[PDB]
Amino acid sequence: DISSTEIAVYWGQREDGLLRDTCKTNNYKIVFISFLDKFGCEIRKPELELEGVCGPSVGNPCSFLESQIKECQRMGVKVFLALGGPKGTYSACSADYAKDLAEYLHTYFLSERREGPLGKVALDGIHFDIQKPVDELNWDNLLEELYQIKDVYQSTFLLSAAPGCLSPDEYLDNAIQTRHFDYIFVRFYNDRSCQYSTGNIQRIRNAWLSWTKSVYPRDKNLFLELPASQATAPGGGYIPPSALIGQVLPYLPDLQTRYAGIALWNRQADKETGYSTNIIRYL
């Protein structure tokens, strides 16, 4: 229901502040480190570069994040790695490369087996934010290889996706139809056919309904992903906090069984406007 709302947030830019400080706010239950956005056929060991934060181009190594990640997890926050994003050049390449990449993610990000870009860690999940890939092929293969690895080691990491709000999604529909994601974060912004606007919840309500019908199983596995300010959604979609709580959430069909909470793009925007602070007050 509404009171059990969990909040997620994207993190990975200079203006976001430190990861540790983001967790210690205690506003969030999930944080996406964003993004791993360059990989494809000839890139056997993908590197992480966070703009103005860490990477070979910044002169500060991303492995300094290891202790902050661990502090977050200790205080009950789940830390995901997000693939893809609005920028970069990414592709799953082929059925063979999809196996290579799934093994790479498991060895270096999910099991503490070796030292990787974020140091020696075991993250809580992998998040498919496939907004603008080279093409739509092989994303289902990547998902299915990670799912299989989970069975082999009896691991507990989670798998999630962030499709656009118009079903069926151009890039992730085959993957979503496997029924093997744990969570779906539907992006209700930058699309006039399915987002909120002042005095009209009919299009977002209908789109929520379409997603409850086409996503199985029928668990609490659906989040709304929304912009945390007007500035991070030049295509529209921003919902003021009082309108979210009062005019939108009470009127989503099957809220009781399907709704898991909200995700905010992004941490910088959230700091600037107090979005999640005002939501938490009205819970």
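Don't overthink the numbering: it's just position in the shown sequence, from 1.
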- line: Ranked by mean Cα B-factor in the entry, 218-226 and 41-49, top stretch is 41-49
task: Return whichever of 123-131 and 148-156 has the greater mean Cα B factor according to the PDB record.
output: 148-156
query: Say you rank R179, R192, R187, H106 by Cα B-factor from the PDB entry; which sits at the top?
result: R192
- request: Report the option among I30, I239, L65, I33 whose CA atom has the maximum B-factor in the deposited record.
  value: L65
field: Assigned third (lowest, middle, highest) for the C-alpha B factor of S210
entry: lowest
message: Quick check on the deposited entry: does the C-alpha B-factor of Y90 sit in the lowest, middle or highest third of its chain?
response: highest
task: Can you work out whether the C-alpha temperature factor of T25 puts it in the lowest, middle or highest third of the chain?
output: middle
field: CA B-factor ranking of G116, expressed as a third of its chain
entry: middle
- prompt: Split the chain's modelled residues into thirds by Cα B-factor; is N200 in the lowest, middle or highest one?
  reply: highest
